[PDB]
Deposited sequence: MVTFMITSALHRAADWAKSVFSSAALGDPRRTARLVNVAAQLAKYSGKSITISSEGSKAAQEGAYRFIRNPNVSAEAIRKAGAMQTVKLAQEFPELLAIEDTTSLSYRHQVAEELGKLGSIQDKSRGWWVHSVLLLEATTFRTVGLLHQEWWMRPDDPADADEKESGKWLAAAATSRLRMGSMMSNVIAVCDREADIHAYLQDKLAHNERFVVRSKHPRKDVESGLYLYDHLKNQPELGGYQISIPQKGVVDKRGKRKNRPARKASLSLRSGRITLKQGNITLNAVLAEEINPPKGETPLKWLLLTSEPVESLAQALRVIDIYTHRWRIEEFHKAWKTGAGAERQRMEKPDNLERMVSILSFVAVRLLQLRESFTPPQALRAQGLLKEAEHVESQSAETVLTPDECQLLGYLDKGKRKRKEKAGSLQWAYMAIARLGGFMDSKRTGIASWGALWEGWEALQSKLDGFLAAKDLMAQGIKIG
């Protein structure tokens, strides 16, 4: 359980069909060093190793390596791990990778045709287990450049959703039935909803456009407001800093929001498709605040306050893909790379997508047992030494809850908002520190184990 990075890389890319085993091999080593030195330049991850550095750069530049094949490999590993869960969540969303150095000119449009910043549009599908909600891994990804003139686009971007569904359906095979897609408003596309339904595929999409109900003859919102109040729930909206359109600074104070919840069956005109819907609307919202609300369409049953709370709960996790994105950028450093050719940059950033998931997964592994479960006796001992006189009586002596706060404490976590949760980023610094320290801890050991004055 030490140099996980190395074992990790192997389990993820060992099946990579790069057309040549040597390529597949190099892929696994490149990944391992990147994973070990998360968010660091290839150079640093090489550990002064010229043959390594040269091996890496040669790989992301090798005209024989399909960035798709790489991505494909990582996905297959996800399918494999998926085989052990009863219910899976497939978060689906899009993000952009933006660059401003020479290679930008050969990249697609992200904003205004005159905008210097250009890059790629990526549509990913991150898998989770609907039980404890842990990140299984990346199931699919679609990369594409947006032309300056839409009249040149080979296809409408909106079809991405149907694209994702297609590949997802192909890779997960008989496990699709255990999958529940989760997408934001932009997914409100009857051509999508129709598809999923045609395949008995489960899903949970948020409503954007006002639609009508065949029977009710009303707008979904108006038809659901009539259904009996199944009950409700509450959420604590945390305080944060905000930035208005003007560019100034507005504060969003904390406040507990009470919500009313309803549910029912709707039917849309096109394809005359039928499904259930849920409408969650805030309760007595503050004067200077917009009344919180959600209206989700889905195949999942919602006849009971519990079955509906399940839908609200599932959709609440869609935000995981947002954290994935931050991990892919600020984390693994996708937008920090400076390759000078499209294919090259794609090859690097493609590997980093997986090196981005791992950061998430790392924090989750230390989140609910004992430390000996994930940590090795050596590092577990060192962490204990380092964390000496810093643990709260709230945590056991050597529990999986202690290691969390100990590793996190290395990362600098001071629980400023006293919430207990530490950012995956602070938990990573800790892991990185602990491991770094483990080098010296194991070094002193190796020398004393062969007889040598260490002080």
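Colleague: Got a list of the deposited-sequence ranges with no coordinates?
Modeller: Gaps vs deposited seq, in order: 1-8, 377-394.
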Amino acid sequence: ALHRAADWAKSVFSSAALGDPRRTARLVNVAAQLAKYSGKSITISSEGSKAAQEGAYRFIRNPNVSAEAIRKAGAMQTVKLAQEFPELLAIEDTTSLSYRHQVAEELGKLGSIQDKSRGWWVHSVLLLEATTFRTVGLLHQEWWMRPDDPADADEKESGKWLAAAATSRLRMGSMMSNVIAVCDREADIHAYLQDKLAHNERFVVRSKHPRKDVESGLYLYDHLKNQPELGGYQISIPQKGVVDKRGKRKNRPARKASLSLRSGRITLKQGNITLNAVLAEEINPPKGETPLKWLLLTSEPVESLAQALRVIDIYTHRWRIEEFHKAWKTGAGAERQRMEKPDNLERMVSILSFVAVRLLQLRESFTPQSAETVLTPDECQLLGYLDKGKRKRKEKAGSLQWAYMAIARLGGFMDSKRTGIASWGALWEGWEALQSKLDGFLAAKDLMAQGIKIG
From here on, numbers count along this sequence of modelled residues.
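Colleague: Should the higher mean CA B-factor in the entry be assigned to 215-223 or to 281-289?
Modeller: On average, C-alpha B-factors are higher across 281-289.
Colleague: On mean C-alpha B-factor from the PDB entry, just flag whether 170-178 or 93-101 is the higher one.
Modeller: In the deposited entry, the stretch with the higher C-alpha B-factor mean is 170-178.
Colleague: Compare the CA B factors listed in the entry for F366, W161, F354, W143 and report the winner.
Modeller: Highest C-alpha B-factor among the listed options: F366.
Colleague: Please pick out which of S66, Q401, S45, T419 has the largest Cα B-factor as recorded in the entry.
Modeller: That would be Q401.
Colleague: Once the chain's modelled residues are ordered by C-alpha B factor and cut into thirds, is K437 in the lowest, middle or highest one?
Modeller: Middle third by C-alpha B-factor.
Colleague: Once the chain's modelled residues are ordered by C-alpha B factor and cut into thirds, is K40 in the lowest, middle or highest one?
Modeller: Lowest third.
Colleague: Would you check the entry's CA temperature factor for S299 and let me know if it's in the chain's lowest, middle or highest third?
Modeller: It belongs to the highest third of the chain when residues are ordered by C-alpha B-factor.
Colleague: Select lowest, middle or highest to describe the third in which the CA B-factor of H317 falls within its chain in this entry.
Modeller: CA B-factor rank for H317: middle third.
Colleague: Thinking about Cα B factors across the chain, which third does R409 belong to?
Modeller: As the PDB entry reports it, the C-alpha B-factor of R409 lands in the middle third of its chain.
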